[PDB]
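*Asks:* Supplied structure: final_8.txt, compact mmCIF, C-alpha atoms.
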# COMPACT_ATOMS: atom_id res chain seq x y z
CA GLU A 3 -28.31 -12.90 10.17
CA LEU A 4 -26.33 -11.65 13.13
CA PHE A 5 -24.02 -8.66 13.45
CA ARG A 6 -20.35 -9.65 13.55
CA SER A 7 -17.02 -7.91 13.17
CA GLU A 8 -15.81 -6.91 9.72
CA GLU A 9 -13.54 -9.12 7.67
CA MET A 10 -9.83 -8.33 7.84
CA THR A 11 -7.20 -9.23 5.23
CA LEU A 12 -3.85 -8.64 7.06
CA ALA A 13 -2.74 -7.28 3.69
CA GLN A 14 0.58 -5.87 2.52
CA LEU A 15 1.16 -2.88 0.24
CA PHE A 16 4.32 -1.95 -1.68
CA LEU A 17 4.77 1.39 -3.42
CA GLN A 18 7.37 4.04 -4.16
CA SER A 19 8.35 6.31 -1.32
CA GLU A 20 7.31 9.47 -3.14
CA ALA A 21 3.94 7.89 -3.81
CA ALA A 22 3.96 6.62 -0.21
CA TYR A 23 3.98 10.09 1.33
CA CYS A 24 0.96 11.15 -0.70
CA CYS A 25 -0.82 7.85 -0.29
CA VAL A 26 -0.44 7.84 3.47
CA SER A 27 -1.81 11.37 3.54
CA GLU A 28 -4.85 10.39 1.39
CA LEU A 29 -5.46 6.92 2.95
CA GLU A 30 -5.25 8.77 6.31
CA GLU A 31 -8.08 11.16 5.27
CA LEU A 32 -10.01 8.01 4.24
CA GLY A 33 -9.56 7.03 7.93
CA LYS A 34 -10.60 3.43 7.20
CA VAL A 35 -7.21 1.67 7.34
CA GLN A 36 -4.92 0.77 10.23
CA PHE A 37 -1.22 0.27 9.50
CA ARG A 38 0.91 -2.16 11.49
CA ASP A 39 4.48 -1.60 12.65
CA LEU A 40 6.85 -3.74 10.60
CA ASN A 41 9.91 -2.81 12.69
CA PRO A 42 8.91 -3.24 16.32
CA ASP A 43 12.54 -3.23 17.47
CA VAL A 44 13.32 0.14 15.86
CA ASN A 45 13.26 3.43 17.81
CA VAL A 46 12.36 6.82 16.33
CA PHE A 47 15.93 7.71 15.34
CA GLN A 48 16.16 4.36 13.55
CA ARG A 49 12.82 4.92 11.78
CA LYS A 50 14.26 8.10 10.27
CA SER B 3 1.60 -12.87 -2.80
CA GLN B 4 3.74 -10.42 -0.86
CA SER B 5 6.47 -12.98 -0.24
CA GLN B 6 6.68 -13.37 -4.00
CA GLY B 7 6.59 -9.62 -4.46
CA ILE B 8 9.48 -9.49 -2.01
CA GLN B 9 11.44 -12.07 -3.94
CA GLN B 10 10.86 -10.19 -7.19
CA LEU B 11 11.92 -6.88 -5.72
CA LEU B 12 15.02 -8.43 -4.23
CA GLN B 13 15.94 -9.87 -7.63
CA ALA B 14 15.41 -6.47 -9.25
CA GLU B 15 17.54 -4.83 -6.58
CA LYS B 16 20.26 -7.43 -7.10
CA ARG B 17 20.35 -6.70 -10.81
CA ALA B 18 20.31 -2.94 -10.23
CA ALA B 19 23.26 -3.18 -7.84
CA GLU B 20 25.14 -5.32 -10.33
CA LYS B 21 24.44 -2.92 -13.17
CA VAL B 22 25.65 0.11 -11.24
CA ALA B 23 28.76 -1.56 -9.83
CA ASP B 24 29.53 -2.73 -13.38
CA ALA B 25 29.17 0.83 -14.62
CA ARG B 26 31.66 1.94 -11.96
CA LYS B 27 34.09 -0.77 -13.07
CA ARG B 28 33.66 0.38 -16.65
CA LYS B 29 34.29 3.97 -15.57
CA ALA B 30 37.65 2.94 -14.10
CA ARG B 31 38.52 1.01 -17.25
CA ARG B 32 37.56 3.87 -19.55
CA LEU B 33 39.65 6.23 -17.42
CA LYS B 34 42.69 4.00 -17.88
CA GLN B 35 42.00 3.79 -21.59
CA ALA B 36 41.69 7.57 -21.68
CA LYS B 37 45.17 7.92 -20.25
CA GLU B 38 46.69 5.41 -22.66
CA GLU B 39 45.10 7.06 -25.68
CA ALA B 40 46.03 10.50 -24.45
CA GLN B 41 49.66 9.46 -24.27
CA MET B 42 49.51 8.05 -27.79
CA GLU B 43 48.02 11.29 -29.08
CA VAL B 44 50.73 13.21 -27.25
CA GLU B 45 53.34 11.11 -29.04
CA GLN B 46 51.61 11.88 -32.33
CA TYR B 47 51.88 15.56 -31.51
CA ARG B 48 55.54 15.07 -30.59
CA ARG B 49 56.23 13.41 -33.93
CA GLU B 50 54.50 16.15 -35.89
CA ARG B 51 56.25 18.97 -34.05
CA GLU B 52 59.59 17.25 -34.51
CA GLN B 53 58.88 17.08 -38.23
CA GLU B 54 58.01 20.77 -38.20
CA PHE B 55 61.30 21.48 -36.43
CA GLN B 56 63.21 19.54 -39.08
CA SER B 57 61.43 21.50 -41.81
CA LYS B 58 62.28 24.80 -40.15
CA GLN B 59 65.90 23.71 -39.71
What would you get if you wrote out this structure as structure tokens?

*Replies:*
Amino acid sequence: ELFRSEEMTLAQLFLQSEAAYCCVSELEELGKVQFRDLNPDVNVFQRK
Amino acid sequence: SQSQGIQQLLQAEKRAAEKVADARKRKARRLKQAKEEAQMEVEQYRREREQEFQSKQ
């Protein structure tokens, strides 16, 4: 039994935007999840 | 399953858009009907007041 990296799921989550604000806040406190940028070609004004 | 979730949400959004645009079309139609009926009621009022005039005369 050797130490290896943790399994990763490259997983996608859909939820309502009101729920999204709260969830991001709470998942953030969890500090165990890393979100990926789904709009790499979009600048901060475009992100809104 | 996300690609399927995406397809389902797009179908729901399609229906929602159709339902709202249809409501707007209905709104326009109801507005036209409202004007037609109003004019018919106005004529009814005209008839009645003309009859009242005749009675007074």

*Asks:* Quick one: pull the distance between atom CA of residue 42 of chain A and atom CA of residue 3 of chain B, Å, one decimal.

*Replies:*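 Value for the atom CA of residue 42 of chain A-atom CA of residue 3 of chain B distance: 22.6 Å.
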
*Asks:* Near residue 4 of chain B, within 9 Å and counting only C-alpha atoms, which residues show up once chain neighbours fewer than 6 positions away are dropped, as a ChimeraX atom specification?

*Replies:* /A:13-16

*Asks:* Using only C-alpha atoms, what does the table of chain B residues within 12 Å of chain A look like, with each row giving the shortest atom pair and its distance in Å to one decimal, sorted by chain and ascending number, as CSV?

*Replies:*
residue,atom,partner,partner_atom,distance
B:3,CA,A:14,CA,8.9
B:4,CA,A:14,CA,6.5
B:5,CA,A:14,CA,9.6
B:6,CA,A:14,CA,11.7
B:7,CA,A:16,CA,8.5
B:8,CA,A:16,CA,9.1
B:10,CA,A:16,CA,11.9
B:11,CA,A:16,CA,9.9

*Asks:* So which residues touch residue 34 of chain A within 12 Å, counting only C-alpha atoms, skipping near sequence neighbours fewer than 6 positions away, as a list in words?

*Replies:*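 Using only C-alpha atoms, the neighbours found are residues 8, 10, 26 and 28 of chain A.
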
*Asks:* Please indicate the distance in Å from atom CA of residue 17 of chain B to atom CA of residue 49 of chain A, rounded to one decimal place.

*Replies:* 26.5 Å

*Asks:* Could the centre and edge lengths of an axis-aligned box, enclosing all atoms of segment 14-25 of chain B in the file with 4 Å extra on each side, be given in Å to one decimal as AutoDock Vina command-line options?

*Replies:*
--center_x 22.5 --center_y -3.3 --center_z -10.6 --size_x 22.1 --size_y 16.3 --size_z 16.0
